[PDB]
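Report on the structure
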Amino acid sequence: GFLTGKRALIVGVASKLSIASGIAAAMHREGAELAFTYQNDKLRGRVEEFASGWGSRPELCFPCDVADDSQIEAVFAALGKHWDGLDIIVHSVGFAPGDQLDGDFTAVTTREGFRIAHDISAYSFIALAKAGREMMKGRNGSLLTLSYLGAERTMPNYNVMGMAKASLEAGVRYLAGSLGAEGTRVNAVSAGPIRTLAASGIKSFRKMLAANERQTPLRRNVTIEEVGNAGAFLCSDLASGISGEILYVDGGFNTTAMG
Amino acid sequence: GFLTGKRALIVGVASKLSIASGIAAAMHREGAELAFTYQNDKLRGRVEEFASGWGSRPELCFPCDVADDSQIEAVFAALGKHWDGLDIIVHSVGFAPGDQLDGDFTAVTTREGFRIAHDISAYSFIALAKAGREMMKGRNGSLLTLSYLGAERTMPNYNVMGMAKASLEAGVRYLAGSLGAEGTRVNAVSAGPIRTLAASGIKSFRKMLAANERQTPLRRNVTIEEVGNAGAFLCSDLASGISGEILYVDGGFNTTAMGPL
Amino acid sequence: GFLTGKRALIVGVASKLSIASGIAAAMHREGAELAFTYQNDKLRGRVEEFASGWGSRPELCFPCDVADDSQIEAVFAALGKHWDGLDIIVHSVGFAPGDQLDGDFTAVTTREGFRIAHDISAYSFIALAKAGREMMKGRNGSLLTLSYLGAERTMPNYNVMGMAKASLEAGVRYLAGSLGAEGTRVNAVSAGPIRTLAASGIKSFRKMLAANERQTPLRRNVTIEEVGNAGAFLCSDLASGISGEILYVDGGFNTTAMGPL
Amino acid sequence: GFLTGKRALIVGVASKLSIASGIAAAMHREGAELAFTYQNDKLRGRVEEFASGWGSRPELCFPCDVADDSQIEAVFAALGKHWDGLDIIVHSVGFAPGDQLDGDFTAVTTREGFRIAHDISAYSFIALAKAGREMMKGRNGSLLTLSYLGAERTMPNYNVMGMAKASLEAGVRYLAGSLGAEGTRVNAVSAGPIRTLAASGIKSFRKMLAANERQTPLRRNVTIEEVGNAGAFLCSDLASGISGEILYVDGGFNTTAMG
Ligand SMILES: NC(=O)c1ccc[n+]([C@@H]2O[C@H](COP(=O)([O-])OP(=O)(O)OC[C@H]3O[C@@H](n4cnc5c(N)ncnc54)[C@H](O)[C@@H]3O)[C@@H](O)[C@H]2O)c1
Ligand SMILES: NC(=O)c1ccc[n+]([C@@H]2O[C@H](COP(=O)([O-])OP(=O)(O)OC[C@H]3O[C@@H](n4cnc5c(N)ncnc54)[C@H](O)[C@@H]3O)[C@@H](O)[C@H]2O)c1
Ligand SMILES: NC(=O)c1ccc[n+]([C@@H]2O[C@H](COP(=O)([O-])OP(=O)(O)OC[C@H]3O[C@@H](n4cnc5c(N)ncnc54)[C@H](O)[C@@H]3O)[C@@H](O)[C@H]2O)c1
Ligand SMILES: NC(=O)c1ccc[n+]([C@@H]2O[C@H](COP(=O)([O-])OP(=O)(O)OC[C@H]3O[C@@H](n4cnc5c(N)ncnc54)[C@H](O)[C@@H]3O)[C@@H](O)[C@H]2O)c1
Ligand SMILES: Oc1cc(Cl)ccc1Oc1ccc(Cl)cc1Cl
Ligand SMILES: Oc1cc(Cl)ccc1Oc1ccc(Cl)cc1Cl
Ligand SMILES: Oc1cc(Cl)ccc1Oc1ccc(Cl)cc1Cl
Ligand SMILES: Oc1cc(Cl)ccc1Oc1ccc(Cl)cc1Cl
């Protein structure tokens, strides 16, 4: 397939619904060799089982809480014992404390909630780019992250995650501008709403889903298969002319203003 | 490849250098069956030649000056006698009278120059969408056009083509909003500068090339192979979640405000 | 006020509801001396009447169908026998054939509907810039046009006016890039929906109004007084650092993707 | 003038060159009653002297390190002793550690430098909005912050400040969406490059100045007088139809690609 010979590290698998799972499946289908991180020991077993079904194995699964620089560096040190280089990093991770995402933005947003949202959802992408730079050197590889329309325009409850996604998208451009000379491309998919574990935590998520379904040009919601294909493409040599890009996979909802 | 089973109409091949040629080659490589238009008889011979190299033939090549509604409609009438229906239309066509793109925007832009630029570069995409709607019904296919950063931000000489491209990009969105419910996706690639017949017509194009090479994140100009691959992907079922999109294939130049120190 | 000493030409007054009327009233309040155009003799009487209420007079009112270059040029020739120079032009004009704005975009949009929409709604701003350039020479003045969110994102029925507005907004940028060196600033206000004569022609306009009221951050529709004030500011020396800008006066509606729960 | 009867708190005066000083001068000219904060006791004296010349006085100057929630709350507590309400808050501050802004983005950006840049340059705007909400209640007032093109497109060395500004501009929109119903408008000016104390800290600032000068439509750089007039306008009832907006005052540079 169009990723044959590529090696990809995938950060963010939590369940069969995860966007990272859609990306993993597509990349494997297209021939990529895969490795994984898991956030903690409660998710470890499930990620290990998933890896075994995507051509991978438990010894290519590594612990990584992206709050922790030491753990992030330890991923690449461990991976480097198995692989003499790396082509792709997929960053499919986000978090803000629940109290940040339930209520009036001004009332509920706090300094610490803000700190955490930006640290986990935006800085962690830079952290992976940094720690993986040496393994990716000379491979003309790519980095991919995931964003959401909330970075550009507002909706109830998404709140400070919108600020963190805006930070993240700027990061995509600054990373592209920095890593491009040595051959690395850096892009994101901005997905439409998809029912995932994380999506469940936004109390009004179903309203986002509904608005997208009724107003998006395709008049249906997107799938992790569609996000995965877009991500697979962006991390392939087919996309070698594309860097710094935020690619929407939302049926075109972002191009509408039918409020 | 990821287009085997699809049928595409390619509008805009002029030479081996054309972006439409890069797209045609990628789509052919990926398994698409191709048909072609040529602007007029000055380009017929070359388009027929190229088509035969891309799995196609002269009887799947049709005259089409996109200023002319009846020529446009006659393409699909003629094509529909060979093809059941149609999955893909690639719109890779632009024009403004030469004097519109040489000198101060305010001084050289005219009503007639404006009319023509918008008619050929923007309305013609809508015309193809309309004329091909019947052949594309039920096929869950897609439309692709080509744009340039000049639509969003200014540079010397691009001038009224910048207005026409802005119109075109809005057109992508209005077409996507109109045709999506029945299954058709509508997108564009906004390409970085590439040496083509039309590009060579722009004074200071050489400088645009040098500017991009120095300042673009990838520190190199893009190719019609790279634009071709992006266009092929957008018109494939791999992109079934994507409509209304303006996808930049420019190495990231559009994301920069200044070049390196 | 902050416009005392300035002279402004206002194109687009039709009724007391017009955006151009809100702009005219605000500029008059702030001390500007005003001149006016009227599209044709159907609006001459009301425009002359309104002008006399804004410190002006029939002799500073001129016929101008912006489809017609010779009429446009005759405005400035005639005005120049009263005024030795001009600081400001306000361009508050739009048109597309009615059937272009009623129904499915792909089905109802035509080449001729497209031509007219872009000719009147977009090129005419360029035409004013060109024709008034001599009179604005050395005055460090400004141009203002009016746009709508439909240029960037889609909604029912706005259709080809959305393409024309996108063209116009690029026009703002290219004019700014061309005329800035000699001192002229060029901007637009992108207004939220307002009940005007033209707006009343759009079916489902009442839905656009209700949509904005519920979803806009300020939870209320905007007024021609608010648009008028923003336009007055943009055309004043208070805004001397501002050119090429599309300023939204829509209560923030454009910054929202969904309304409140 | 068009701010007569308005009371404004201005956060960010450091010297006669400050953007905040340009905004203060314009607002005072237009009739606003002003109060001020100062970052530390080194700047206290200078801010006090400036206040006296802008119709204000030393007792309307308050300490505020915007890293500190209690100090921020203490500003409004103290100001409330003097004013029974507040109309305007101007947020004109930023900071990132110098090592973040000198060199390759991927190489020099760190988790802590990221945290600080976002905390001081972005979250602090939300903090002021929150702390001032009661004093602003029912006055149909406004909030203003300052941003920079670096939020949208990249340039050498601006680096993580670009991410922080992108966060800030999303903040402008989320605040607008939250505070609008009760009558508060929220906007920013995105200024072109201006020689200020903070600007001099960016190693390549003169290259930014030069690019703006040669490529901006007006072919000259903007002044704090021009930024202050725009900010004064945005915080006036003349701008009562405008919220959630990022108003560029850069001579049009942002609209150019080659210029
Ligand atoms: N509608 C959607 O689901 C949607 C839409 C647009 C963008 N996104 C983004 O897609 C990405 C994936 O989210 P998802 O929707 O697939 O949900 P998900 O629950 O399947 O995945 C979220 C991932 O984030 C991981 N994570 C959270 N905190 C972590 C930490 N400190 N350290 C390491 N890992 C951590 C979780 O373990 C999990 O694997 C996120 O960036 C999300 O913001 C989701
Ligand atoms: N070359 C670049 O750097 C670049 C960058 C961005 C976008 N584009 C766009 O790509 C497309 C141009 O292709 P190109 O650069 O490969 O140049 P090209 O010269 O190879 O092709 C231009 C095409 O436009 C056709 N055409 C012109 N007027 C026509 C008319 N009335 N009717 C039918 N066909 C007509 C021409 O026959 C030709 O096939 C345009 O849309 C262009 O604006 C080009
Ligand atoms: N009303 C709104 O909600 C709204 C919102 C955003 C933008 N706008 C724009 O504001 C501007 C003014 O429109 P309006 O809402 O005040 O409606 P309006 O009916 O009051 O004014 C429209 C003007 O266009 C003039 N006009 C039309 N065709 C002309 C032609 N060939 N030559 C010269 N003049 C011509 C008309 O004579 C009239 O004066 C337009 O550009 C409109 O697109 C309106
Ligand atoms: N000068 C420019 O070219 C330019 C351009 C665009 C935007 N901006 C933005 O305008 C504002 C910059 O101010 P400036 O250029 O007038 O420089 P400046 O040095 O005059 O002001 C910077 C202010 O930030 C204050 N500050 C820094 N850290 C603080 C903290 N922890 N607590 C409280 N106050 C703190 C400083 O005391 C100072 O008053 C910033 O938001 C800046 O990012 C500047
Ligand atoms: O960014 C998202 C956007 C949508 Cl519509 C749905 C889920 C998203 O992802 C998250 C949302 C909230 C938290 Cl706490 C964590 C994550 Cl990963
Ligand atoms: O849009 C373009 C942009 C670039 Cl950088 C180069 C070529 C382009 O294409 C054209 C430019 C001018 C004319 Cl008259 C016709 C065409 Cl097809
Ligand atoms: O652009 C507009 C946008 C809105 Cl919401 C309302 C009115 C507008 O103005 C017009 C709309 C249609 C036509 Cl035919 C002419 C004009 Cl002036
Ligand atoms: O944002 C800015 C943009 C420019 Cl062009 C110049 C100065 C700016 O303001 C800062 C830059 C760096 C640091 Cl550490 C702090 C501040 Cl306030």
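Criteria and cut-off values
- All residue numbers refer to a per-chain count from 1 along the written sequence rather than necessarily to the numbering of the entry. Residues that lack coordinates are not shown.
- Chains and ligands are labelled sequentially in the order written, the chains with letters from A and the ligands with numbers from 1.
- Side-chain figures throughout are based on the complete set of non-hydrogen atoms in the structure, without hydrogens or water.
- Helix numbering and strand numbering both begin at the N terminus, where a helix is a DSSP run of H or I of at least 4 residues and a strand a DSSP run of E of at least 2.
- When we talk radius of gyration, it's over C-alpha atoms, and the globule rule is simply 2.2 Å times the number of residues to the 0.38.
- Only protein chains enter the calculation, and the probe is 1.4 Å; a residue is then buried if its accessible area is under 20% of its type maximum, exposed if over 50%, and partly exposed in between.
- Any two residues whose heavy atoms approach within 4.5 Å at even a single point are treated as in contact.
- Here a polar contact means two N or O atoms within 3.5 Å. Within protein one must be a hydrogen donor candidate and the other an acceptor candidate, and residues neighboring in sequence count only if both atoms are side-chain atoms.
- Here the arc refers to the set of directions running from the helix axis out to each C-beta atom.
- Convention adopted: a line fitted to C-alpha atoms gives each axis, helices being fitted over their contacting stretch, and angles between N-to-C directions are expressed from 0 to 180 degrees.
- Orientation is classified from the angle alone, with under 35 degrees giving roughly parallel, over 145 giving roughly antiparallel, 65 to 115 giving roughly perpendicular, and any other angle giving oblique.
- Residues are grouped as follows: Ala, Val, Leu, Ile, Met, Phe, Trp, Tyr, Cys and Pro are nonpolar; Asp, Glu, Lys and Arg are charged; every other residue, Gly included, is polar.
- Any residue with a heavy atom lying within 4 Å of a molecule or strand is counted as near it.
- The Shrake-Rupley method, run with a 1.4 Å probe, gives the accessible areas here. Residue values count only the displayed protein chains as cover.
- UniProt positions are given in the numbering used here, feature names are shortened, and annotations may be inferred rather than shown by experiment.
- The aromatic pairing rule takes the rings of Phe, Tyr and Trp, using the six-membered ring of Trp, and pairs them if the centres are within 6.5 Å, calling planes under 30 degrees apart stacked, those over 60 edge-to-face and the rest tilted.
- We call a charge positioned over a ring when the NZ of a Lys or the CZ of an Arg lies within 6 Å of the ring centre and within 35 degrees of the ring normal.
- Here's the idea: put two parts together, see how much 1.4 Å probe accessible area each one loses, and the total over both is what we call buried area.
- Any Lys or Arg side-chain nitrogen found within 4 Å of a carboxyl oxygen on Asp or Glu counts as a salt bridge.

Structure determination for this entry, per the PDB record, employed X-ray crystallography and reached 1.7990 Å resolution.

Things to note about the overall build of chain B
Along chain B, the regular secondary structure elements total 10 helices and seven strands. Its C-alpha atoms give chain B a radius of gyration of 18 Å, within 12% of the compact-globule value 18 Å for 261 residues. Expressed as a percentage of its 261 residues, the buried residues of chain B come to 66%. For chain B, long-range pairs separated by at least 24 residues make up 75% of all intrachain contacts whose partners lie at least 6 apart in sequence.

Details of the side chain of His 118 of chain B
Position of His 118 of chain B relative to the elements: it lies in helix α5 (residues 111-131). Given the relative accessible area of 1%, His 118 of chain B is considered buried. In this structure the side chain of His 118 of chain B is engaged in a polar contact, spanning 2.8 Å, whose partner is the side chain of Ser 167 of chain C. The residues contacting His 118 of chain B, other than those within four sequence positions of it, are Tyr 123, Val 160, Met 163, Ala 164 and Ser 167 of chain B together with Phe 114, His 118 and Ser 167 of chain C.

Things to note about helix α8 (residues 205-215) of chain D
Inspection of α8 of chain D places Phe 205, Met 208, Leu 209, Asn 212 and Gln 215 of chain D among the buried residues, and these make up the whole buried set. Burial along α8 of chain D is one-sided: seen end-on, the buried residues are contained in an arc of 160°.

Some remarks on the packing of helix α10 (residues 224-234) of chain C against helix α9 (residues 224-234) of chain D
Direction vectors running N to C along α10 of chain C and α9 of chain D enclose 170°, while the axes themselves pass 12 Å from each other. Compared by their axis directions, α10 of chain C and α9 of chain D come out roughly antiparallel. Listed contacts from α9 of chain D to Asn 229, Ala 230 and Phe 233 of chain C of α10 of chain C are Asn 229, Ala 230 and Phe 233 of chain D. Here the residues of the contact of α10 of chain C with α9 of chain D sort into four nonpolar, two polar and no charged.

Remarks on unusual backbone geometry
If you check the backbone angles, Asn 159 of chain A has positive phi at about 55° while not being a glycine. Tracing the chain through its elements places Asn 159 of chain A in the loop between β5 (142-147) and α7 (160-179). Note on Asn 159 of chain A: relative accessible area 2%, which makes it buried. Positive phi is not limited to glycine here, since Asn 157 of chain B has a value of about 75°. Along the chain, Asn 157 of chain B falls in the loop between β5 (142-147) and α7 (160-179). Residue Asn 157 of chain B is classed as buried on the basis of its relative accessible area of 6%.

As for the site of ligand 1
Residues and elements named next belong to chain A. Residues in close proximity to ligand 1 total 27 residues, the closest being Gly 12, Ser 18, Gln 39, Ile 194 and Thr 196. Here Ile 19 contributes a backbone N or O atom positioned 2.9 Å from an oxygen atom of ligand 1. Between ligand 1 and the protein, one listed contact pairs an oxygen atom with a backbone N or O atom of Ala 198 at 3.0 Å. For ligand 1, whose free accessible area comes to 820 Å², the fraction covered by protein is 91%. Its residues assigned to classes, the shell around ligand 1 shows 17 nonpolar, eight polar and two charged.

Let's talk about the UniProt feature "binding site: substrate" in chain A
Residues and elements named next belong to chain A. The positions that UniProt labels "binding site: substrate" are, in the present scheme, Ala 96. Locating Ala 96 in the fold gives a position in the loop between β4 (88-91) and α4 (105-108). When its relative accessible area of 8% is taken as the criterion, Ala 96 is described as buried. Setting aside its immediate chain neighbours within four residues, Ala 96 contacts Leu 101, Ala 117, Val 160 and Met 161.

Re the packing of aromatic side chains
Counted according to the given criterion, the structure contains 22 aromatic pairs over all chains. Residues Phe 233 of chain C and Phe 233 of chain D carry aromatic rings whose centres are separated by 3.8 Å and whose planes lie at 0° to one another, so their mutual orientation is stacked. You can see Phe 233 of chain C sitting in helix α10 and its partner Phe 233 of chain D sitting in helix α9, one on each of two chains. Ring geometry for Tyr 148 of chain D versus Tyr 158 of chain D: centroids 5.0 Å apart, planes at 70°, classification edge-to-face. Here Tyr 148 of chain D is found in the loop between β5 (142-147) and α7 (160-179), whereas its partner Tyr 158 of chain D is found in the loop between β5 and α7, with 10 residues between them in sequence. Among the aromatic residues, ring-to-ring pairing joins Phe 36, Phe 50 and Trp 54 of chain A into one connected group. In this structure, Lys 16 of chain C packs its charged tip against the face of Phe 50 of chain C, placed 3.7 Å from the ring centre.

What to know about the UniProt feature "active site" in chain A
UniProt tags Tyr 148 and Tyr 158 of chain A as "active site". Given the relative accessible area of 10%, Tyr 148 of chain A is considered buried. Once residues within four sequence positions are removed from consideration, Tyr 148 of chain A is found in contact with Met 155, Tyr 158, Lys 165, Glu 169, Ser 190, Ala 191, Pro 193 and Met 208 of chain A together with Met 258 of chain C. Setting aside residues no more than four positions away along its own chain, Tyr 158 of chain A makes contact with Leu 101, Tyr 148, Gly 150, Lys 165, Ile 202 and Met 208 of chain A together with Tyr 174 of chain D.

Thoughts on the interface of chain D and chain A
On the side of chain A, 44 residues touch chain D, which itself brings 44 residues to the contact. Of the roughly 3,300 Å² buried where chain D meets chain A, counting both sides, 59% is carbon and sulfur surface. Interface area lost by chain D to chain A is led by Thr 106, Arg 111 and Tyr 174 of chain D, which between them contribute 28%. Notably, a salt bridge pairs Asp 104 of chain A with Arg 133 of chain D, separated by 2.9 Å at the nearest N-O pair. Counting every contact that joins chain D to chain A gives 30 residue pairs in polar contact. For the side of chain D that touches chain A, the secondary-structure elements that each account for two or more residues are α3 (69-79), α4 (105-108), α5 (111-131) and α7 of chain D. Tallying contributions element by element places α7 of chain D first for the side of chain D that touches chain A, with 12 residues. Looking at the side of chain D that touches chain A residue by residue, the class counts come to 22 nonpolar, 11 polar and 11 charged.

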